[PDB]
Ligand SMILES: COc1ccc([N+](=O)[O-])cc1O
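Shown below, as structure tokens, is a lone chain in the form deposited without this ligand; questions about how it binds or moves come after it.
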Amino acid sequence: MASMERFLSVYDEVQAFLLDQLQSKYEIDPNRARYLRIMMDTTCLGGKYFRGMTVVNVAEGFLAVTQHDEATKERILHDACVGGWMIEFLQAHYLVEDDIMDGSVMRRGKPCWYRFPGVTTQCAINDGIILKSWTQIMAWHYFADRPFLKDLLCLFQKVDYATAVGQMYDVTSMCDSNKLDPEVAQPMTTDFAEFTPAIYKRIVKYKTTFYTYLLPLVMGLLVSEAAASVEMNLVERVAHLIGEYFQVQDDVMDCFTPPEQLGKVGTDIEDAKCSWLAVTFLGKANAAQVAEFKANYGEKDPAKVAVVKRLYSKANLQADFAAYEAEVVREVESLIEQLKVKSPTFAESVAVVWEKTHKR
């Protein structure tokens, strides 16, 4: 609430710093500075800020229980907000480049950036590059003298690289692994043997969890100088868990949430994605339902897509979701409890992160 104002306010500072620096050090002209400003705003702003605000909230938790001078509280909260924007700008990179890669139309109820008339794909691929370069420029500027700079940079790169590896897993999820080959055009799988829970879990862990949950939680710990206050294997395990559930929810929404509320027309079925819905359906389907899914999945035709959605509706996937969800609730609660051994306040931040995901 008040946390948000500080958080959203640090955007203006960061932007001024970056745009001012472009003028004083990179010979930018006013008109290109404006184009960048607009790019930054369009691509960084207008989501939920779940990732950035997680950094802020984790730091606020340690601030309530740790003795510091006022000026030191302000420095830590500023660092948390910069760190959170590093994550939001990394998210912006991903979304610009993915929207190009997938040929997407809308994002956040507006056209994808590459579709803006004065952008185009030739400028947008590089605008996405710039978005990620800005994360580094922010980090070296604001955190130059900080004891956590090294750990923060190393964590960020590992997380970015995991994320790119997860994009590869995602875009290749409807190919047969044994047929991947740069020299040969890739056909869609016909057996769907690789639509399994373990393979789905690998996709979602790399493409989503490391940067949506692991990174915000650990960055909050690092800006607070509190990483030795937690059991890092537990932080990982809980991030894994909550991130998977987050994505399962997005998978179900793609198919069943109205376009206006989603902020886009979902096309996971036409795109033959290894979604939770597809994997769960195949987990319980009879021989006839499997052959009907195969006849219809991964085609642009609305009739075939509606046959897929029928199959899902008829298979009572709501119940497998409640079973899955209950199991997630067991495990996240167990992990929060184990997190209390070394840190009550960090476990509570995790509890709050879980509540915000479970209830979105």
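When you see a residue number, it is the position in the sequence shown, counting from 1.
Between 345 to 353 and 12 to 20, the higher mean Cα B-factor belongs to 345 to 353. The PDB entry reports B-factors from which the mean C-alpha value can be compared for 279 to 287 and 167 to 175; the larger average falls on 279 to 287. Residue set 121, 157, 267, 136: peak C-alpha B-factor at 267 (per PDB entry). When the C-alpha B-factors of 51, 309, 34, 68 are read from the PDB record, the largest value belongs to 309.
Sorting the modelled residues of the chain by their CA temperature factor places residue 246 in the middle third. When all modelled residues of the chain are sorted by CA temperature factor, residue 256 is found within the highest third.
Compared with the other modelled residues of the chain, the Cα B-factor recorded for residue 115 ranks in the lowest third. Remark: residue 216 belongs to the lowest third of its chain, ranked by C-alpha B-factor as recorded. In the deposited entry, the Cα temperature factor of residue 43 sits in the bottom third of values across the chain's modelled residues.
Separately, the form solved in complex with this ligand exists; it is not shown, and the next lines address it.
Taking the partner from the other structure, this ligand in the deposited complex has no heavy atom within 4.5 Å of any heavy atom of residue 135. At least one heavy atom of residue 246 is located within 4.5 Å of this ligand in the deposited complex. Taking a 4.5 Å heavy atom cutoff to this ligand in the deposited complex, the contacting residues in 325 to 360 are 353, 356, 357, 360.
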